[PDB]
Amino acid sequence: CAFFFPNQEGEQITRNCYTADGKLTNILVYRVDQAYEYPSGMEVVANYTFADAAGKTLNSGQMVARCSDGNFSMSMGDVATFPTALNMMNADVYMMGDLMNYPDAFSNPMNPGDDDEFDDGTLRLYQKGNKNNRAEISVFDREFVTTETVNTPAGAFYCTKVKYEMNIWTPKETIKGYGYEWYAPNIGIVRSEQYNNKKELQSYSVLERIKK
C-alpha cells in the first residue's frame, strides 16, 4: 500500500510551473500539517500555497491525501496547475473536487493502456463575490503508460506515468486537451505536461524541492 504524497509532519514539497517556452509562471508549495493513523490506512492533511513567479501568494488552503484499505486517493489540487486555473486565482477563489485515486503500479502491475483502475474527476474553481470568475476542469480516461525514472531539480525518482484527457471550461472559453503525469511514493506528482488537441505543449510542471 504505497502512499503517493509526503507523509512526515512538517515536510515541504515545491513544484514549479512553466509555459511551453520554459518560463516560470508559478510555484506550488505543499506542507504536511498532520498525519493520522487509521486501521484502514493513513490520512494526511497538508496546507497548499500557489504563488506567482515573483513569490506573491495567489491562493492557499488545505487538502487531503489518504490510504483507505489498499487504495490511495487525494484532492485534485495538482490539476489547478493548469494555466487557466493559475491565471484566475486570488485569495477569494475556492475550489472543490473529487478525491481522485492513484493506483499502485509498483505493487499491482499494469499493462500499457490499462484504464479501468483510474477514476475520472472534476475540479471546480470559483471566486466568492465574483461568480463570473469561475472554471471547471474535468479529467477523464486516465490510463497507464509506463514506469520509468524521471530526473528533476529535486532528484531522480522512479515514477508511474499516466496519460489523461481533459476539458477546461470558463464562461469565456472551452479548451480541450490531454496531459501526462508522473507520480512517486511519498511525493505525489513529480512531473506533468499539458497539451491542446493539436499535440502542442501548453505547459508543464516539475518537482523542484523536497525539504524534510
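When you see a residue number, it is the position in the sequence shown, counting from 1.
- According to the PDB record, 62 to 70 carries the higher mean C-alpha B-factor of the two stretches 62 to 70 and 147 to 155.
- In this entry, the higher average B-factor at the C-alpha atoms falls on 76 to 84, of the pair 114 to 122 and 76 to 84.
- Placement of the Cα temperature factor of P185 within the chain: lowest third of the modelled residues, per the deposited record.
- Placement of the Cα temperature factor of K161 within the chain: lowest third of the modelled residues, per the deposited record.
- In this PDB entry, the Cα temperature factor of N133 sits in the bottom third of its chain's modelled residues, the lowest group.
- In the PDB entry, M89 places in the middle third of its chain by CA B-factor.
- Among the modelled residues of the chain, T170 sits in the middle third by CA temperature factor in this PDB entry.
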